[PDB]
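Coming up is one lone chain in structure tokens, specifically the form deposited in one PDB entry.
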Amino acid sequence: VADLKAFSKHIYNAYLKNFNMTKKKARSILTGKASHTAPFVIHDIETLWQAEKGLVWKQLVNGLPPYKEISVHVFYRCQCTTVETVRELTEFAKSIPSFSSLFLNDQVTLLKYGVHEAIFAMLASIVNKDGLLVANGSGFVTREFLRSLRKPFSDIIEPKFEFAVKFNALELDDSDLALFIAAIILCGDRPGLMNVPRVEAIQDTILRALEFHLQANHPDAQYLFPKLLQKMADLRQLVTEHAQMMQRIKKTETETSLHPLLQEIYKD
């Protein structure tokens, strides 16, 4: 048990070193306790335009694919963030010694099949029932606005809110999440994995570490560990549905570009 604390703290440090925003930072912004200035609320076309003229985005607008329409534009911003988060997750995983010890092709397999599950878990951190943070916490896009986008773009967004609000009710902190996300990435079930026994062994250790961490950090929280195992299963279903919806976008939205890295993740 005492051995897992060291293991856990290293994973937490990898998390702190590699992710742009913590849940702690996100919730302070969402509750209006973080700074002297509040996020700019994006809730319609006019405010989206004002945000693109005003807020500082990690990805410059000029850099996005040529403009098509509002729903597609919002989709392109979603892809921006997805790809950036894949980069952060890759570095997080590499800051974990037992992941970096795997052959590079298994690293790629784990990331390919794990990153969307991790993304949608981490998404909950910047979400509340009314919308989500964008542009490093400088903006807040309302759930209502995102609902108003045309199908298929509104359809691919709303189920993530449904998941997030339920996930946030578990009240995990950043140290819980670091272990949770590591367990999603270090998953021995992924297709085409070469060294399955090594990955299963690492996953098992992470989950033992997660169990012990939760007993210490959430001493009154009954059933939290099994609840999180179930959330892992729920994320797999969420990502299956997500991938199906992405296949439909590829089929029916032929004018919409998909980022080369995401094409490789979704290469069927």
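Residues that one form lacks are left out of the comparison. Heads up: residue numbers just count along the shown sequence, starting at 1. So that the term is clear: the rigid core is the largest set of C-alpha atoms that superpose within 1.5 Å between two forms.
Omitted here: the form deposited in another entry. The next part is about that form.
Novice: Fit the core first: which of 230, 35, 31, 237 then shifts its CA by 2 Å or more between the shown form and the other one?
Specialist: Shifted by 2 Å or more: 35 only.
Novice: Kindly check if the Cα atom of residue 57 is displaced 2 angstroms or more between the shown form and the other one relative to the superposed rigid core.
Specialist: For residue 57, whose C-alpha is compared between the shown form and the other one after core superposition, the shift is 2 Å or more.
Novice: If we fit on the core, is the Cα of residue 221 displaced 2 Å or more between the shown form and the other one?
Specialist: Shift of 2 Å or more: yes.
Novice: Do residue 21 and residue 59 have their C-alpha atoms closer or farther apart in the other entry than here, with the shift being 3 angstroms or more?
Specialist: Result: farther.
Novice: Did residue 44 and residue 64 drift closer or farther in the other entry, going by a CA distance change of 3 angstroms or more?
Specialist: Compared with this form, residue 44 and residue 64 lie closer in the other entry.
Novice: Which segments, of 3 or more consecutive residues, undergo C-alpha shifts of no less than 2 angstroms between the shown form and the other one following superposition on the core?
Specialist: 1 to 3, 32 to 37, 56 to 67, 221 to 223 are the stretches that shift between the shown form and the other one.
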